[PDB]
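Single chain ahead, written as structure tokens, the form deposited in one PDB entry.
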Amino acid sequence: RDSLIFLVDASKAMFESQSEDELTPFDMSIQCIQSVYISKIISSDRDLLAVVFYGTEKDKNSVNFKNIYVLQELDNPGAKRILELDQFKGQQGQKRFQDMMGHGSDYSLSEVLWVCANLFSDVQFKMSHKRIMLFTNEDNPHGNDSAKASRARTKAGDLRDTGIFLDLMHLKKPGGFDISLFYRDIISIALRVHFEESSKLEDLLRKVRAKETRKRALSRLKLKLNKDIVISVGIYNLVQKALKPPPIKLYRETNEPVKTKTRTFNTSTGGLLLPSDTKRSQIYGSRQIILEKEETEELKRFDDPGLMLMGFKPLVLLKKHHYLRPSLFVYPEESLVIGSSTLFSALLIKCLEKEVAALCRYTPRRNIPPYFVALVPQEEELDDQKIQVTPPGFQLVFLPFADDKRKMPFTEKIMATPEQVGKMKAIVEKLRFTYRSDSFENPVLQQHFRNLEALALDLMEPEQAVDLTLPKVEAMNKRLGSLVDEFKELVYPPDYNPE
């Protein structure tokens, strides 16, 4: 498991919109945490999400220190927590917050960090990560007293000393935010030039989503240059279809988890069948073929499991419409083979300088017939906010085999006169936009999960999601104007029947 403590700052500063249309930084913080919660419910991840505030008047915590309100102890997310955080959305949200939580109250980071350590103390589950995701737009919260800063620094050093990471998701303070003053040595630096001041929602939301999730190797493999020279890498899949997680049928009365056994016994004696008592069969015509399960899972061994290197074909030959199944991402795991990262760095550097892939043969696990994959290099991309939007390593591309690639009919290639191409260039340029990878969000998941949340609180009707992936047809027509008519009279006959 993994516990994280959104340790929001409730001081007066977060409530001060800097005279702009954007949201007050406390409000970005709350919309961000609500977004993290709903997200961690989409993936069905079981991690633990606590919400804390510091700098307020009241307090609801373990030891009852001053101005430290633990709004939700360490527990899984649910409908109630999402709605409770939603209550602080918008200007009315800040209004409600300043009613049972007065702002602008002195504090000490040492005590709040001690409170968080104690939040981690009570739980007992084996959690792999514990991070306190501090939100602050105050460079020197202890600028008026050295003792407070000293205790806070010592405390943070202790938290890191016990295996608790200490993030810092500073927000947009006027005059910049110089992390060097007070937060130089509070954050666990596992170098690592730190992020930029989050300005609006989306920047902070992406930085949060990039600092909370932790890489899970979809597998660990050996990339082999020969019989001997083998490096050890990890295949992380950076994208996979997040399916609408499947229902759990529960005991009708008490609503408890239930079991679904797999008992396969004889229709005569009833004794359950050891796997050794059954042979695997296949029928062709009137003929039948029988062979043992080991010999239907070993008419496959080609390789050991892993990537084994075979050539360096230049990238121009790796076409773009030869796509088979989602691509993975290969990155050195220098834990196993001391020194693998070095040779991987060399190979990436000089695969980039020469614009050349590395065609390999990939067998995921034992007893699998290989594909031909191509390790296409790709170099880091520190975006304008200092996020990492294209991580360094070898993308891994799956190349089809001639059984895959289907052959399509064709009718005589008819081409249009450059007049028509020009007018369609005009229509094209009226719809340009800047697609970015994390732009759209599924209708079915969001519709179904709002349906669920409504059914999770006995509401009348659910919150229908306003669709994004639809064409904004009215506005888009009004954008083109009469261009479409020009094109239609250009190409279609007067008496065309497009329906």
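For clarity, a rigid core is taken as the largest C-alpha set superposing within 1.5 Å between two forms. The first residue of the shown sequence is 1; numbering continues from there.
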Fill in: Other entries omitting residue 191, at least a third
yes
Discussion item. With respect to the deposited sequence, is there a break between residue 190 and residue 191 in this entry, and if so is it 1 to 3, 4 to 9, or 10 or more residues, or none at all?
Written reply: 4 to 9
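Keep in mind that the form deposited in another entry is missing from the display, and what follows is about it.
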Fill in: From 295, 256, 380, 355, residue displaced between this form and the one not shown - CA threshold 2 Å or more, rigid core
256
Worksheet item: Does residue 240 count as moved between this form and the one not shown, where moved means a C-alpha shift of 2 angstroms or more after fitting the rigid core?
Response: no
Worksheet entry | C-alpha of residue 401 off by 2 Å or more between this form and the one not shown on rigid core | no
Worksheet item: Against the rigid core, is the Cα displacement of residue 266 between this form and the one not shown at least 2 Å?
Response: yes
Worksheet, complete the sentence: Checked in that other deposited form: CA of residue 262 to CA of residue 366 differs by 3 Å or more, atoms lying farther
